[PDB]
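Text of final_18.cif (mmCIF, C-alpha atoms and all ligand atoms) as supplied:
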```cif
data_entry
#
loop_
_atom_site.label_atom_id
_atom_site.label_comp_id
_atom_site.auth_asym_id
_atom_site.auth_seq_id
_atom_site.Cartn_x
_atom_site.Cartn_y
_atom_site.Cartn_z
CA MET A 1 2.02 18.80 8.58
CA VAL A 2 3.26 16.47 5.81
CA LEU A 3 1.75 14.93 2.71
CA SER A 4 2.97 11.56 1.48
CA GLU A 5 4.06 11.34 -2.15
CA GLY A 6 0.89 9.33 -3.04
CA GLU A 7 -1.20 12.32 -1.72
CA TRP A 8 0.88 14.81 -3.75
CA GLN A 9 0.29 12.57 -6.82
CA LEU A 10 -3.48 12.75 -6.29
CA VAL A 11 -3.17 16.53 -6.06
CA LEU A 12 -1.00 17.00 -9.14
CA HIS A 13 -3.08 14.57 -11.21
CA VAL A 14 -6.29 16.68 -10.92
CA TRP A 15 -4.25 19.92 -11.16
CA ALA A 16 -2.98 18.72 -14.58
CA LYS A 17 -6.67 18.68 -15.69
CA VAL A 18 -7.27 22.19 -14.32
CA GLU A 19 -4.23 23.35 -16.34
CA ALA A 20 -5.96 22.43 -19.63
CA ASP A 21 -8.19 25.55 -19.03
CA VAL A 22 -6.76 27.88 -16.38
CA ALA A 23 -8.87 30.91 -17.28
CA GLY A 24 -12.14 28.94 -17.22
CA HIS A 25 -11.31 27.35 -13.84
CA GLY A 26 -10.12 30.73 -12.30
CA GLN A 27 -13.44 32.26 -13.46
CA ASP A 28 -15.52 29.44 -11.93
CA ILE A 29 -13.65 29.61 -8.67
CA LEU A 30 -13.79 33.37 -8.06
CA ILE A 31 -17.50 33.55 -8.94
CA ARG A 32 -18.22 30.58 -6.65
CA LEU A 33 -16.39 32.40 -3.84
CA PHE A 34 -18.27 35.68 -4.51
CA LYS A 35 -21.64 33.93 -4.69
CA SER A 36 -21.18 31.82 -1.60
CA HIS A 37 -19.48 34.51 0.55
CA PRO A 38 -20.43 37.88 -0.89
CA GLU A 39 -18.53 39.70 1.88
CA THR A 40 -15.34 38.58 0.15
CA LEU A 41 -16.08 40.74 -2.90
CA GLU A 42 -15.76 43.82 -0.66
CA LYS A 43 -12.01 43.26 -0.48
CA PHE A 44 -11.55 43.81 -4.25
CA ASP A 45 -11.66 47.56 -5.03
CA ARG A 46 -11.53 46.83 -8.79
CA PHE A 47 -14.48 44.41 -8.76
CA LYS A 48 -16.54 45.69 -5.85
CA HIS A 49 -19.20 47.11 -8.21
CA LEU A 50 -20.10 43.82 -10.04
CA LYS A 51 -23.76 43.12 -9.23
CA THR A 52 -24.57 39.82 -10.91
CA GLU A 53 -23.03 36.58 -11.99
CA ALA A 54 -23.46 37.68 -15.61
CA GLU A 55 -21.39 40.79 -15.08
CA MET A 56 -18.70 38.71 -13.30
CA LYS A 57 -18.54 36.28 -16.25
CA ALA A 58 -18.27 39.20 -18.67
CA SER A 59 -15.41 40.88 -16.75
CA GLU A 60 -12.18 40.56 -18.66
CA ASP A 61 -10.13 41.81 -15.72
CA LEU A 62 -11.74 39.26 -13.30
CA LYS A 63 -10.74 36.47 -15.75
CA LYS A 64 -7.13 37.79 -15.87
CA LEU A 65 -7.07 37.79 -12.06
CA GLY A 66 -8.37 34.22 -11.92
CA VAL A 67 -5.42 33.17 -14.18
CA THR A 68 -2.97 35.02 -11.94
CA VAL A 69 -4.30 33.39 -8.74
CA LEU A 70 -4.39 29.82 -10.16
CA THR A 71 -0.95 30.18 -11.65
CA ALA A 72 0.46 31.27 -8.29
CA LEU A 73 -1.38 28.44 -6.50
CA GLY A 74 -0.21 25.91 -9.11
CA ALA A 75 3.42 27.02 -8.55
CA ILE A 76 3.01 26.42 -4.82
CA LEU A 77 1.40 22.96 -5.22
CA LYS A 78 4.14 21.85 -7.62
CA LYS A 79 6.75 22.48 -4.87
CA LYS A 80 5.06 19.67 -2.84
CA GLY A 81 5.53 21.41 0.48
CA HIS A 82 8.86 23.18 -0.24
CA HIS A 83 7.16 26.49 -0.88
CA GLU A 84 8.80 28.89 1.52
CA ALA A 85 10.12 31.25 -1.28
CA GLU A 86 6.80 31.34 -3.08
CA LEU A 87 4.84 32.01 0.10
CA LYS A 88 6.79 35.13 1.18
CA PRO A 89 5.58 37.68 -1.37
CA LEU A 90 2.07 36.24 -1.36
CA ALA A 91 1.80 36.47 2.45
CA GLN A 92 3.25 40.01 2.51
CA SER A 93 0.69 41.40 0.01
CA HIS A 94 -2.25 39.52 1.37
CA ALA A 95 -1.45 40.49 4.94
CA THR A 96 -0.39 44.15 4.56
CA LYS A 97 -1.82 45.48 1.26
CA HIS A 98 -5.02 43.39 0.81
CA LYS A 99 -5.70 42.43 4.45
CA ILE A 100 -7.22 39.00 3.85
CA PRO A 101 -8.17 37.04 6.95
CA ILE A 102 -7.40 33.35 7.16
CA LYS A 103 -11.18 32.76 7.26
CA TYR A 104 -11.34 34.11 3.62
CA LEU A 105 -8.51 31.70 2.57
CA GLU A 106 -10.74 28.94 4.02
CA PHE A 107 -13.67 30.22 1.84
CA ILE A 108 -11.64 30.11 -1.39
CA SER A 109 -10.31 26.60 -0.50
CA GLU A 110 -13.96 25.50 -0.25
CA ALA A 111 -14.67 27.11 -3.68
CA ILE A 112 -11.62 25.34 -5.24
CA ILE A 113 -12.88 22.01 -3.90
CA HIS A 114 -16.47 22.71 -5.14
CA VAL A 115 -15.29 23.45 -8.73
CA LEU A 116 -12.92 20.42 -8.99
CA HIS A 117 -15.70 18.23 -7.60
CA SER A 118 -18.13 19.53 -10.23
CA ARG A 119 -15.68 19.50 -13.19
CA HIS A 120 -13.49 16.42 -12.50
CA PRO A 121 -15.60 13.83 -10.78
CA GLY A 122 -13.57 10.97 -12.18
CA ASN A 123 -10.26 12.44 -10.89
CA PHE A 124 -11.72 13.84 -7.65
CA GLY A 125 -13.23 10.94 -5.68
CA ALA A 126 -12.97 10.91 -1.88
CA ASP A 127 -9.26 10.07 -1.61
CA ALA A 128 -8.24 12.77 -4.11
CA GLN A 129 -10.47 15.37 -2.37
CA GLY A 130 -8.88 14.36 1.01
CA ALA A 131 -5.43 14.91 -0.51
CA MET A 132 -6.37 18.32 -2.03
CA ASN A 133 -7.94 19.35 1.27
CA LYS A 134 -4.68 18.40 3.07
CA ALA A 135 -2.59 20.40 0.56
CA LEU A 136 -4.80 23.51 0.99
CA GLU A 137 -4.75 23.14 4.79
CA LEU A 138 -0.93 22.92 4.69
CA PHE A 139 -1.02 26.07 2.54
CA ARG A 140 -3.26 27.87 5.02
CA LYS A 141 -1.15 26.76 8.05
CA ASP A 142 2.09 28.01 6.47
CA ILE A 143 0.47 31.28 5.37
CA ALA A 144 -1.02 31.88 8.86
CA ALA A 145 2.46 31.36 10.41
CA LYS A 146 3.82 33.95 7.98
CA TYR A 147 1.00 36.35 8.76
CA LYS A 148 2.01 36.22 12.43
CA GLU A 149 5.68 36.89 11.69
CA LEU A 150 4.59 39.80 9.45
CA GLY A 151 2.47 41.29 12.26
CA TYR A 152 -1.03 40.47 10.95
CA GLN A 153 -2.25 37.06 12.30
CA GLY A 154 -5.51 37.45 10.25
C1 LIG B 1 -5.47 30.42 -3.13
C2 LIG B 1 -5.36 31.60 -2.41
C3 LIG B 1 -4.90 32.88 -3.11
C4 LIG B 1 -3.94 33.06 -4.01
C5 LIG B 1 -2.90 32.05 -4.55
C6 LIG B 1 -3.87 34.47 -4.34
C7 LIG B 1 -3.02 35.08 -5.27
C8 LIG B 1 -2.97 36.41 -5.63
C9 LIG B 1 -2.02 37.01 -6.56
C10 LIG B 1 -0.91 36.17 -7.21
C11 LIG B 1 -2.40 38.28 -6.77
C12 LIG B 1 -1.61 39.39 -7.51
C13 LIG B 1 -0.28 39.78 -6.75
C14 LIG B 1 -0.47 40.30 -5.36
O1 LIG B 1 -1.23 41.35 -5.17
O2 LIG B 1 0.05 39.64 -4.39
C15 LIG B 1 -3.59 38.52 -5.92
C16 LIG B 1 -4.20 39.72 -5.65
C17 LIG B 1 -5.23 40.00 -4.76
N1 LIG B 1 -5.85 39.09 -3.97
FE1 LIG B 1 -5.23 37.17 -3.68
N2 LIG B 1 -4.81 35.20 -3.61
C18 LIG B 1 -5.46 34.19 -2.88
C19 LIG B 1 -6.55 34.47 -2.04
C20 LIG B 1 -7.30 35.66 -1.95
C21 LIG B 1 -8.56 35.86 -1.22
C22 LIG B 1 -9.30 34.74 -0.48
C23 LIG B 1 -8.82 37.14 -1.23
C24 LIG B 1 -10.05 37.99 -0.80
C25 LIG B 1 -11.22 37.49 -0.26
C26 LIG B 1 -7.77 37.78 -2.06
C27 LIG B 1 -7.70 39.11 -2.40
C28 LIG B 1 -6.89 39.73 -3.33
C29 LIG B 1 -6.94 41.16 -3.75
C30 LIG B 1 -7.94 42.16 -3.20
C31 LIG B 1 -5.91 41.32 -4.60
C32 LIG B 1 -5.68 42.53 -5.53
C33 LIG B 1 -6.43 42.20 -6.89
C34 LIG B 1 -6.33 43.25 -7.92
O3 LIG B 1 -5.27 43.25 -8.61
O4 LIG B 1 -7.21 44.19 -8.00
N3 LIG B 1 -6.86 36.86 -2.39
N4 LIG B 1 -3.92 37.38 -5.26
#
```
Represent the structure from my file as structure tokens, please.
Amino acid sequence: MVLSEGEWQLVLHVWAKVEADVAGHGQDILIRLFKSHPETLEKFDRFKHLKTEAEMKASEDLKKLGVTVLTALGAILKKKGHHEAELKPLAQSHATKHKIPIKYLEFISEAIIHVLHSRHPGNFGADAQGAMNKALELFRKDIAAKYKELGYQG
């Protein structure tokens, strides 16, 4: 699928806001995912044991992961669709080391949208949410295609 430039602009304008606090937004997102869809936590051997939201917030390693994930995502969004080189390593580890089904990539997309909507209401009205949704769907479509070539199809 293809985003127009005005859609990419809506995406990169709210992302610029996220980028003022990457660690705080990575924390919010992962916790939202884990609270909404607890089964997802089972994929993380390093964080599997965290029992409450308070322990998740206090986890220094979970914060460092959140930074790593948002940074990789940010790098993809900034390519505005031309993200074939960035997607390759990401799809290989998520398909063959981590084994993350597309369904879980849908769950984290929903958590990203939930946190931007709560934190950036002024820069995340309906049009901007529509554009971010389209960018994450494009992401998911391209990753699923890569999964299939890799032998996983998730
Ligand atoms: C926006 C979508 C996502 C992005 C950009 C992303 C990015 C990354 C990156 C950059 C790393 C470290 C390098 C690597 O192992 O490839 C990582 C690790 C990992 N990811 Fe993802 N990921 C995403 C979605 C998810 C989801 C939905 C799951 C599970 C429900 C997941 C599970 C994991 C696990 C288990 C690891 C290893 C973490 C650790 O170091 O202990 N990922 N991810």
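Taking atom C9 of ligand LIG 1 (chain B) and atom CA of residue A:73 as endpoints, the distance between them is 8.6 Å.
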So which residues touch residue A:40 within 9 Å, counting all atoms listed in the file, skipping near sequence neighbours fewer than 3 positions away, as a PyMOL selection string?
chain A and resi 33-34+37+43-44+100+104+107
Counting all atoms listed in the file, which residues in chain A sit no more than 10 Å from ligand LIG 1 (chain B)? For each one, give the nearest pair of atoms and the distance in Å, sorted by chain then residue number, as CSV.
```
residue,atom,partner,partner_atom,distance
A:29,CA,B:LIG1,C1,9.9
A:30,CA,B:LIG1,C22,8.9
A:33,CA,B:LIG1,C25,8.1
A:34,CA,B:LIG1,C25,8.4
A:37,CA,B:LIG1,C25,8.8
A:38,CA,B:LIG1,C25,9.2
A:39,CA,B:LIG1,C25,7.9
A:40,CA,B:LIG1,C25,4.3
A:41,CA,B:LIG1,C25,6.4
A:42,CA,B:LIG1,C25,7.8
A:43,CA,B:LIG1,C30,5.0
A:44,CA,B:LIG1,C30,4.1
A:45,CA,B:LIG1,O4,6.3
A:46,CA,B:LIG1,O4,5.1
A:47,CA,B:LIG1,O4,7.3
A:48,CA,B:LIG1,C30,9.7
A:61,CA,B:LIG1,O4,8.6
A:62,CA,B:LIG1,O4,8.5
A:64,CA,B:LIG1,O3,9.3
A:65,CA,B:LIG1,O3,6.7
A:66,CA,B:LIG1,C8,8.6
A:67,CA,B:LIG1,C10,8.8
A:68,CA,B:LIG1,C10,5.3
A:69,CA,B:LIG1,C7,4.1
A:70,CA,B:LIG1,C5,6.2
A:71,CA,B:LIG1,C10,7.5
A:72,CA,B:LIG1,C5,5.1
A:73,CA,B:LIG1,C5,4.4
A:74,CA,B:LIG1,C5,8.1
A:75,CA,B:LIG1,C5,9.0
A:76,CA,B:LIG1,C5,8.2
A:86,CA,B:LIG1,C5,9.8
A:87,CA,B:LIG1,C5,9.0
A:88,CA,B:LIG1,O2,9.8
A:89,CA,B:LIG1,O2,6.6
A:90,CA,B:LIG1,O2,5.0
A:91,CA,B:LIG1,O2,7.7
A:92,CA,B:LIG1,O2,7.6
A:93,CA,B:LIG1,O2,4.8
A:94,CA,B:LIG1,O2,6.2
A:95,CA,B:LIG1,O2,9.5
A:97,CA,B:LIG1,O1,7.7
A:98,CA,B:LIG1,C30,5.1
A:99,CA,B:LIG1,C27,7.9
A:100,CA,B:LIG1,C24,5.5
A:101,CA,B:LIG1,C25,7.8
A:102,CA,B:LIG1,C22,8.0
A:103,CA,B:LIG1,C22,8.2
A:104,CA,B:LIG1,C22,4.6
A:105,CA,B:LIG1,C22,4.4
A:106,CA,B:LIG1,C22,7.5
A:107,CA,B:LIG1,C22,6.7
A:108,CA,B:LIG1,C22,5.3
A:109,CA,B:LIG1,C1,6.7
A:111,CA,B:LIG1,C1,9.8
A:112,CA,B:LIG1,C1,8.3
A:136,CA,B:LIG1,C1,8.1
A:139,CA,B:LIG1,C1,8.4
A:140,CA,B:LIG1,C2,8.6
A:143,CA,B:LIG1,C2,9.7
```
For the residues in the current selection, export C-alpha atoms as a JSON list (two decimals), keeping the file's coordinate frame.
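To be explicit, this is the file written out as out_33.json:
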```
[["chain", "number", "residue", "atom", "x", "y", "z"],
["A", 29, "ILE", "CA", -13.65, 29.61, -8.67],
["A", 30, "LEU", "CA", -13.79, 33.37, -8.06],
["A", 33, "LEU", "CA", -16.39, 32.40, -3.84],
["A", 34, "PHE", "CA", -18.27, 35.68, -4.51],
["A", 37, "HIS", "CA", -19.48, 34.51, 0.55],
["A", 38, "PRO", "CA", -20.43, 37.88, -0.89],
["A", 39, "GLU", "CA", -18.53, 39.70, 1.88],
["A", 40, "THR", "CA", -15.34, 38.58, 0.15],
["A", 41, "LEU", "CA", -16.08, 40.74, -2.90],
["A", 42, "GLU", "CA", -15.76, 43.82, -0.66],
["A", 43, "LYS", "CA", -12.01, 43.26, -0.48],
["A", 44, "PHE", "CA", -11.55, 43.81, -4.25],
["A", 45, "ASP", "CA", -11.66, 47.56, -5.03],
["A", 46, "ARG", "CA", -11.53, 46.83, -8.79],
["A", 47, "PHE", "CA", -14.48, 44.41, -8.76],
["A", 48, "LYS", "CA", -16.54, 45.69, -5.85],
["A", 61, "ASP", "CA", -10.13, 41.81, -15.72],
["A", 62, "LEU", "CA", -11.74, 39.26, -13.30],
["A", 64, "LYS", "CA", -7.13, 37.79, -15.87],
["A", 65, "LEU", "CA", -7.07, 37.79, -12.06],
["A", 66, "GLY", "CA", -8.37, 34.22, -11.92],
["A", 67, "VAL", "CA", -5.42, 33.17, -14.18],
["A", 68, "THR", "CA", -2.97, 35.02, -11.94],
["A", 69, "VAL", "CA", -4.30, 33.39, -8.74],
["A", 70, "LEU", "CA", -4.39, 29.82, -10.16],
["A", 71, "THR", "CA", -0.95, 30.18, -11.65],
["A", 72, "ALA", "CA", 0.46, 31.27, -8.29],
["A", 73, "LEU", "CA", -1.38, 28.44, -6.50],
["A", 74, "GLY", "CA", -0.21, 25.91, -9.11],
["A", 75, "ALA", "CA", 3.42, 27.02, -8.55],
["A", 76, "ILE", "CA", 3.01, 26.42, -4.82],
["A", 86, "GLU", "CA", 6.80, 31.34, -3.08],
["A", 87, "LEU", "CA", 4.84, 32.01, 0.10],
["A", 88, "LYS", "CA", 6.79, 35.13, 1.18],
["A", 89, "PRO", "CA", 5.58, 37.68, -1.37],
["A", 90, "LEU", "CA", 2.07, 36.24, -1.36],
["A", 91, "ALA", "CA", 1.80, 36.47, 2.45],
["A", 92, "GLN", "CA", 3.25, 40.01, 2.51],
["A", 93, "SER", "CA", 0.69, 41.40, 0.01],
["A", 94, "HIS", "CA", -2.25, 39.52, 1.37],
["A", 95, "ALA", "CA", -1.45, 40.49, 4.94],
["A", 97, "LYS", "CA", -1.82, 45.48, 1.26],
["A", 98, "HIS", "CA", -5.02, 43.39, 0.81],
["A", 99, "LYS", "CA", -5.70, 42.43, 4.45],
["A", 100, "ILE", "CA", -7.22, 39.00, 3.85],
["A", 101, "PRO", "CA", -8.17, 37.04, 6.95],
["A", 102, "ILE", "CA", -7.40, 33.35, 7.16],
["A", 103, "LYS", "CA", -11.18, 32.76, 7.26],
["A", 104, "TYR", "CA", -11.34, 34.11, 3.62],
["A", 105, "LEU", "CA", -8.51, 31.70, 2.57],
["A", 106, "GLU", "CA", -10.74, 28.94, 4.02],
["A", 107, "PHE", "CA", -13.67, 30.22, 1.84],
["A", 108, "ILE", "CA", -11.64, 30.11, -1.39],
["A", 109, "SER", "CA", -10.31, 26.60, -0.50],
["A", 111, "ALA", "CA", -14.67, 27.11, -3.68],
["A", 112, "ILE", "CA", -11.62, 25.34, -5.24],
["A", 136, "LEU", "CA", -4.80, 23.51, 0.99],
["A", 139, "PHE", "CA", -1.02, 26.07, 2.54],
["A", 140, "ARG", "CA", -3.26, 27.87, 5.02],
["A", 143, "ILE", "CA", 0.47, 31.28, 5.37]]
```
Quick one, how far is atom CA of residue A:10 from atom CA of residue A:128?
5.2 Å
Compare A:27, A:131, A:153, A:1 by their minimum atom-to-atom distance to residue A:54, counting all atoms listed in the file, and give me the closest one.
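Closest to residue A:54 of all the choices is A:27.
Nearest residue to residue A:60 among A:81, A:24, A:130, A:154 is A:24, counting all atoms listed in the file.
You will find atom CA of residue A:120 at 16.9 Å from atom CA of residue A:7.
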